[PDB]
């Protein structure tokens, strides 16, 4: 039965992590996958997280199955983070959230749900976008169409191209928007731009789907949620696939959420019963550990104060590395002006390196970046900045 199965191509992000592993070179540098590193080049378990974990170790009395949708408190805390504490969506009971295995799990559950319960056949994704978006949607059997976004020449969000590209989107299509800290460009719309978009979707009949994986990495928790909140106020319906992998440094515990919003309580509960059926036919119910760590921290004021500071430290450290990167490139003779990278948000900077330069960097210098030229600024430290900047100016 398997004789003719052809090998799948390596994952552009995750397979990169393998090559780097197998690399016996001493000075190799990561920069590929979106995982935070501290000053020492390590990815430690957050202190608020370690504390919540002892708490769970001393307090859990059972590992009995959670319901299909997970821990209720987790769901509530998630909605408050997303929409705000006194949100009308929350007060009118217009939103239901299911705990899922990571943000990817949330996107797939959203896809399966839409493919099986609505008339959706098309999902619009930005050019460029997280490479795995296409795979997830194609998996549920939906086609992916792409909308213009990035202006490679000016390193700006080409807004008119974005709008004119979206005019080919029909009423009933799904349009995918990144929350804030666009992966891979780091270029995001202004609040004014988010409002224009919110009113155009409403007028055009698009169903917004937000992939929110970096809440807290641009300006703050509540600020980073402004685009989505702009949208939540206008729309009767929307879905949010959020992730706690990055903002809680909980990557491998698989903590995410799929939030479904409908015009009313009655409709959303009915639509949610089908979302639950899609989950049962997939992984049954979600993994408790990571999600209970998140609920514990968000529900406890002392633990929450510690986590918020840890997140602030991650954010600030990345901001410092960005400046450090553009300066060092300059003082190493990387003649090209890389100042636009200071203008990007989040863990990543879209460097503008070509497929071949990205390839040479690795084979000749052992510094690993995604083939699209996307580099993980959070993977940079004061110690690896110079060898890294030295490799870059040499392939330029």
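Numbering follows the first chain given and starts at 1.
The stretch 208-216 shows the higher mean C-alpha B-factor when 208-216 is compared against 280-288 in the entry. For the two regions 241-249 and 300-308, the entry's Cα B-factors average higher over 300-308. Remark: of 80, 73, 168, 112, 168 shows the highest value [criterion: C-alpha B-factor in the PDB entry]. For the set 63, 51, 332, 37, the PDB entry puts the maximum C-alpha B factor at 332. Compared with the other modelled residues of the chain, the Cα B-factor recorded for residue 133 ranks in the lowest third. Per-chain ranking of the deposited C-alpha B factor places residue 84 in the highest third. Among the modelled residues of its chain, residue 93 has a C-alpha B-factor that falls in the highest third according to the deposited record. In the deposited entry, the Cα temperature factor of residue 15 sits in the top third of values across the chain's modelled residues. In the PDB entry, a CA B factor belonging to the lowest third of its chain's modelled residues is recorded for residue 373.
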